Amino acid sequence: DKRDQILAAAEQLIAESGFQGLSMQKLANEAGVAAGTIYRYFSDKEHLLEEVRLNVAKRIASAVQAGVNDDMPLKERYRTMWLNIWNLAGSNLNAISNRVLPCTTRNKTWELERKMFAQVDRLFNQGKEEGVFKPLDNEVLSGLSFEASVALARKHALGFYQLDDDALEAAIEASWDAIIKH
C-alpha cells in the first residue's frame, strides 16, 4: 500500500511550492511510483488535495497532543500542548496548513479536523467544569491561548524576537491568564 508514501511526497511538494503547483507527474517521480499507481489510490488531483489536508490535520493533532495524559493536572496538560505547538514551528505541517475550496468541502474538512483534537476539548471542558476557565466556547478559548501562540512560534522561527526560557515560561503563563477566570 503506497498511499502514505504518495501522501508524504505530496505533502513535501505542497510544503515546498504549494497546492496549485502540484503536478501528478512530479508527484509520481518524487513518490517513486508510476503515474498509474497514483490513480489506484486517488481519483484526481482535487481528491488528493483533500486527503492531504486531512492527513496534515491528523498529524498536527497528534503532534499537539503528544505526551498528554488526562491524569496530569490541567495546567501541565496545557503547558505540554503549548510547548508541542511551539516546537512545530518551522515544520512542513505548519508550512502546508498555513495555506489550505468550496464550503461543501470547506465545512466537511473543518468538521472532520475538529474531531481530531479530543484532548484539547477535554482540557477546556474539564477546566470549565472545574470553574478554572472562563465560560467561553472551546473555539474561543483555543483562539485566545494555543492558536495565538502559533503566532509567537511563527514570528520566533522567522527571527522577529529571541525568547529565553524565563521569557517562554512568561509567555505560557500570560496565555493561561487569557483563559482562566480572575
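Note that residue numbering follows the sequence shown and begins at 1.
**Q** Missing residues between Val100 and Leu101 in the deposited sequence, please: none, 1 to 3, 4 to 9, or 10 or more.
**A** Missing residues, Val100 to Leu101: 4 to 9.
**Q** Highest mean C-alpha temperature factor of the two stretches 169-177 and 13-21, which is it?
**A** The stretch with the larger average C-alpha B-factor is 13-21.
**Q** Take the C-alpha B-factors listed in the entry for 51-59 and for 153-161, compute each mean, and give the stretch with the larger one.
**A** It is 153-161.
**Q** Whose C-alpha has the highest temperature factor in the PDB entry: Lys128, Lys45, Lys115, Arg122?
**A** That would be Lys115, according to the entry.
**Q** Could you say whether, by C-alpha temperature factor, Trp82 belongs to the lowest, middle or highest third of its chain?
**A** Tercile = lowest for this residue's CA B-factor.
**Q** Can you work out whether the C-alpha temperature factor of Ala35 puts it in the lowest, middle or highest third of the chain?
**A** It falls in the middle third of the chain.
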